[PDB]
Every structure is written in C-alpha cells, then in structure tokens.
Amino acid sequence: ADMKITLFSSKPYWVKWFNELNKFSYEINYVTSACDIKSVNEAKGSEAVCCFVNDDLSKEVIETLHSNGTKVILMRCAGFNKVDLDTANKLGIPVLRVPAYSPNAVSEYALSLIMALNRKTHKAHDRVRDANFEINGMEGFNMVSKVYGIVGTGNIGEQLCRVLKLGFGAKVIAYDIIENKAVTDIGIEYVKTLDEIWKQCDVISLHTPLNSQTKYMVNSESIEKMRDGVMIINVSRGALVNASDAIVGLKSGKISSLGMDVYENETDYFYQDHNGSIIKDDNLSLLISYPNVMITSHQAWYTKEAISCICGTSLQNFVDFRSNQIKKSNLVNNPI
C-alpha cells in the first residue's frame, strides 16, 4: 500500500518510461482502463493514483479513492479540467501536476501541421504508395508569402512566433490579453481586437486556454470575417473551434485547410484504437474524411523530452509527497 501507484489510462509508452525512471522502488499497477467509477476499484489499497488528460476524477470517484486508501493524486500532465478539486481539498488530498514539459514540442508540432497542409507530404505519401506519381494538386506556397497570426503569445505561442518570424522572416501578428515582451522584442506587432487577426491573417494558430471567453472563438461570425483560403491550426483545446461551423467554412471554401490535434468530443475516442467501429460523432467523422483536414489524437506533446520530463516529474511528485516536501509549483488544489 504505502509504496503502490495505480496508474490509469496505461499504454506501452507510459509503462516504458515510468519503469525506466522509477528509481525509488515504487510498485506500479498499470491499468489499461481509464479512471471512471467502473474502474476506480483497481486502485484499492494504492496510496497514489496516476491519471492523464482524459480521466474522470469526479467527486464520487475521488471519494471512493480516499475511502480506499489513496492519499495523493498524480496528474501526469499539466491540465486538470476533469478533477473536482473541491472534493479533493475537503478530503486532504494533494493533486500534483507536471506544469512544464517542453513547450517547443507543441509549437514544433503546430509547425508540422502547417507544413503538412501546405506541401501535402501526406497526400504525396498516400499517392506514391499506390504507384501514383502524379503531383497535380500538390502545389504549395513559400512560407514568407503568407501572414501568420498567433492568438495567445504565451509559453507555446511565443515559441511558434520565434520559429516563424526568426526562421522564415515571415510577417507575424499576435493577439493576447497580456503582451509577452519576447514577442514585441523581435518586431512582432500586437493587434487590439481579434477582428484584426481575421482581417489580416492567412494562417491562424490558436494558443490560448479554453475558458468562457475563448470558447467557440472560431465560429460562423468570425469565420465569415476571415480571409478566403485561411488555414486554421488548433493544437490547444478542441472547443476553441465550433466544428459544425468549421465544416460550413470548409464546404463553402472560405477555409482552405484545418489542422487540429484536439477536438471538443475527443474524450470518447483519442488514444484508443476504434477501427471496425462506427464513429457516431458526425462532425468528427466528416472532418476526418475531408481531404484538407488534419486531425490527430492529442499528440503534440509526445516527444522524448516531454514524456521523459512528464514521467520523471510525476514519480518525483510521489517522493516529494512522502518526504512531506511538495513543490509549491506542482500543487494545484489546496487540501487541508
């Protein structure tokens, strides 16, 4: 019990890294299933549980977890939108996240999606595999010929700004409620209203969190106000884009391409192999089938450095918990 971790939403990459980095003699119970009320029993007698972005740390499961001997929750990710902190606080349970995995991983993936919808290397790859070497349809653009707008000049945003403005010499505009200095210091200009981003930008990448303001940022109102042939990247939170609006945009031609590593109803799909079963989500089924849409299963973060840091940090969180030395930066809630 005292040294046992039950790790929910296990996959081979989790096992591989958590073992490699487990230098502290911890017993790890890897559960393939996700942490929901049907699964929370598997943690019985486990002092610590480790969860990921799509686990269900709801009031009831937390209560069960506490009523069965677990005392610390380990978020092996920086997000916690699905953890009822209040239940945890009242039960004296710390939740401990990994606030800082390499943001370059997410920014350079966002670039990846741009390059891919641009030069269409996947399309090329799918054709050549079928012995079709015709390149009609794969005309791209020089990177400097488009105006990139970044919404959210934070930790990931800032990086995408550097690589663009610095690596290609492109014209880059930012919209943010604050104003990251690193962005203004390399001659990138901020616009006061998003309405300017639409008017001026050819490819837009979103790097804000999801909140009552940013939700459905991309919708019919804004899509209409956008340029023709706009490319939209979104590797942040799926709900920044109203997918059915986005489809209308794509159908009517207003939107040239769409790249998303995240999706509003992603919880019932990502990370799992569901071949042979009908996706019942029609927007998601359609987006996947459209030929100018990149949809990937929330993997922008998955580099060697990011997952090494994630696992190593969660394990470290456990040892900190037990030496009563929790790092302020990793404690999300406030238990008694």
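Heads up: residue numbers just count along the shown sequence, starting at 1.
- Two stretches are in play, 289 to 297 and 51 to 59, and the higher mean C-alpha B-factor belongs to 51 to 59.
- Set 14 to 22 against 322 to 330 and average the Cα temperature factors; 322 to 330 ends up higher.
- Between the residues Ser46, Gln272, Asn283, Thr303, it is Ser46 that shows the highest Cα B-factor in the PDB record.
- Taking only the listed residues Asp245, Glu266, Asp176, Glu139, the entry reports the highest CA temperature factor at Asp176.
- When the modelled residues of the chain are ordered by their C-alpha B factor, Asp261 lands in the lowest third.
- In the PDB entry, a CA B factor belonging to the middle third of its chain's modelled residues is recorded for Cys311.
- In the deposited entry, the Cα temperature factor of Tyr109 places it in the lowest third of its chain's modelled residues.
- Ranked against the other modelled residues of its chain, the C-alpha B-factor of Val151 as given in the entry falls in the middle third.
- In the PDB entry, a CA B factor belonging to the highest third of its chain's modelled residues is recorded for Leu166.
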